[PDB]
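In structure tokens, one chain follows: the form deposited in one PDB entry.
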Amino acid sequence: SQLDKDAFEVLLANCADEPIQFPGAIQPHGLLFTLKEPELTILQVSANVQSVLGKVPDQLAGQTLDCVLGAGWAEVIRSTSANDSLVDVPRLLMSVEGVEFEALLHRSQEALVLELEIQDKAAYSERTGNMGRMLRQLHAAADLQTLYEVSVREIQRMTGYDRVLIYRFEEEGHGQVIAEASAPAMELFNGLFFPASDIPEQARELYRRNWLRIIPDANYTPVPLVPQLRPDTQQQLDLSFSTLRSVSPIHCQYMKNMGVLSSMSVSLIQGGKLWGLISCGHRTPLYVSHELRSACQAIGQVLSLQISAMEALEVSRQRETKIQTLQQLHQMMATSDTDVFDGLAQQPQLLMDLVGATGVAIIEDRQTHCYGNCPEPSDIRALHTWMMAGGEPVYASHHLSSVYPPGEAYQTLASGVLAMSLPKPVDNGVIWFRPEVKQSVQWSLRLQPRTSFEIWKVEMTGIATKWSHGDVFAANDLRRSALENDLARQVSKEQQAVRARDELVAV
């Protein structure tokens, strides 16, 4: 209908600052209660109480829990809440009015948030053996990529979900799918990149503050919270930590377009930062039991530490190689005995791997020796003069188009440069080149992954992979090695001062 689309257009237009932390509604697979701290006085209740527990929500507000959940259950819950910090609380599978309810408790804004999750009747030794199997398989991962596919495949084996993907968030937000174990007759999303605008900052904060996000129904009607605002606090309700939180209609539409209806994502956090996400998707809606989502919560913590451990080892492994090859070039520089830059020119292949690049252009006056994928010599000549205007010793930039506007015709080859030139008056230098990230990636309406990929393409124009701290350190230290050898040649020019006394002696 025309009325329905009008609200969607406003919501879709303004999605970066949509207050998803205060949805004002919850998913229909649970009941939400706000309880006052001293006497468990009900502040606001989800309108689902009419459907289950058979109580009109108008007069339910302001009364004790005993009025709806019974005296004994309310006493048990009050005893559990007081002086417990609501951390690692054992599951309380209560049963009121013939409906099984799993009770999850937390607190926010000096109030108690109580979630009663309905357990389907149709829906431990086996689970324990599975956890050990997963721990063994994850520990056996020799490489990071092997860890990715092993983890994705075995999560699919555990949960039976029709798709499991792992997104890794790069430096500027953009996420990339790095592993996938999908059910037959489904799309292949491996290698796809999506823009950082696809996930808002509020969503990133919510994923960092939680571990599991479960959306059992994409085609779900949001049950509102009556009253919308808290009576005592005179404000909205904070549902950041609430499992029963309304998802934005934009994301529901996006999930429907992809073909998924039930989703479950496990956050991956390293050092207080969101490394990525483990997205599990299904076609037929399904509800994940407490045992299943307690196991997958433990999966994320194991993976987050394991990924962090291998990331540091890879950093150390490459850094040791950087210092190993840095000494090798220094030895080549000293024993070259031909020119300051000739020794580097003798091994162009080794020069690239020192920093990580695709082409180098070692320059000595009027001779622009270029190796690997590189622009035409005139542009390399042109690019050199721009950096000497600044006078900086080492200049690293992964976005040449936005700092050097004429560096656009060759942005497909030289999108990030790293140049080191000794301060001697004559021209000099070694310039490294990196390609656009968009060239490496190869992947097969709106609110679809196909549209997301194109938006990433138009935003990643002229951006190369960032120069790592080791890469800049490698260039900076090579400058010291070149400078140390350059001043040695200045010592060798004392032979001129040796002959100066010789032709003065004859006089």
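From 1 onward, residues are counted along the sequence shown. C-alpha atoms forming the largest set that superposes within 1.5 Å between two forms make up the rigid core.
Heads up, the form deposited in another entry isn't pictured, but that's what we're talking about next.
Novice: Of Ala475, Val68, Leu40, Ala47, only one moves its C-alpha by 2 angstroms or more between this form and the one not shown once the rigid core is aligned, so tell me which.
Specialist: Only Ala475 moves by 2 Å or more at its C-alpha.
Novice: Core-aligned, does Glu320 move its Cα 2 Å or more between this form and the one not shown?
Specialist: Moves: yes, 2 Å or greater.
Novice: Once the core is superposed between this form and the one not shown, does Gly462 show a C-alpha displacement of at least 2 Å?
Specialist: Yes, its C-alpha moves 2 Å or more.
Novice: Answer yes if the Cα of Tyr371 shifts by 2 angstroms or more between this form and the one not shown on a rigid-core superposition, and no otherwise.
Specialist: Yes; that C-alpha moves by at least 2 Å between this form and the one not shown.
Novice: Looking in the other entry, decide if the C-alpha atoms of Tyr220 and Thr451 are closer or farther than in the form shown; they differ by 3 Å or more.
Specialist: It is closer: the C-alpha separation of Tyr220 and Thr451 falls by at least 3 Å in the other entry.
Novice: Explain in one word, closer or farther, how the Cα atoms of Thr451 and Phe169 are placed in the other entry relative to this form, where the distance changes by 3 Å or more.
Specialist: Compared with the shown chain, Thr451-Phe169 is farther in the other entry.
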